[PDB]
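Next up: a single chain in structure tokens, the form deposited in one PDB entry.
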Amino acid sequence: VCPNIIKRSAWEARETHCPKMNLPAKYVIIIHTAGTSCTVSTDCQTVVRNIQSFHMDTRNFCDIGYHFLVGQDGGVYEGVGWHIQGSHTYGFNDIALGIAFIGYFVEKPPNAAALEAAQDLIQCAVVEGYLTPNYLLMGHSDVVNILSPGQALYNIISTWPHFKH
């Protein structure tokens, strides 16, 4: 079953109304926040709240771009959640679930807790039906031209099942 998923009300998400997406998502994109990292709940919460505002205010997104985020606390934060579109990858925001690891992982990778959480969340995703049984996993930089999710992180995920080798 899905990990603890700390809801939007927890980190005080500015509430909005964004374009819902047809849930049988066919892909999974692993992206990294590229910004600061967090190790305790209260810190991750603040970072998530700020990524949303930035995304809405200066990026002009409808809400935070990611469906879910993962902190070094091993906690899984709801982004826009399952039922909403994302603003994370071009032409995939309505068909790919974007999971953002909070922090910067080009050299060093997320800890084992952060990683275990993503895979557990991905699993229930396929199990619950939010992901097609034959969905395809891939890195952010595999679809668009971006320095994400970082070598370290990339090398780990390329290891996971259904990864688009």
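We call the rigid core the largest set of C-alpha positions that still match within 1.5 Å between the two forms. Shifts are known only where both forms have a C-alpha. Quick note: we count residues from 1 along the sequence shown, nothing fancier.
- If you average the C-alpha B-factors over 22-30 and over 133-141, the higher value belongs to 22-30.
- Taking the mean C-alpha B-factor of each stretch as recorded, 59-67 and 38-46 are not equal, and the higher mean is that of 38-46.
- Sort the modelled residues of the chain by CA B factor and residue 89 lands in the middle third.
- Residue-level temperature factors show residue 5 in the middle third of its chain, judged at the C-alpha atom.
- Split the chain's modelled residues into thirds by C-alpha temperature factor. Residue 117 is in the middle one.
- Looking at the C-alpha B-factors along this chain, the one for residue 13 belongs to the middle third.
- Per-chain ranking of the deposited C-alpha B factor places residue 103 in the highest third.
Although it is not shown, the form deposited in another entry is what the next lines describe.
- In a rigid-core overlay of the protein, residue 154 has its C-alpha displaced by at least 2 Å between this form and the one not shown.
- Fitting the two forms on the rigid core leaves the C-alpha of residue 144 displaced by at least 2 angstroms between this form and the one not shown.
- Shifted segments between this form and the one not shown, defined as at least 3 consecutive common residues whose CA atoms all move 2 Å or more after rigid-core fitting, occur once only, at 144-165.
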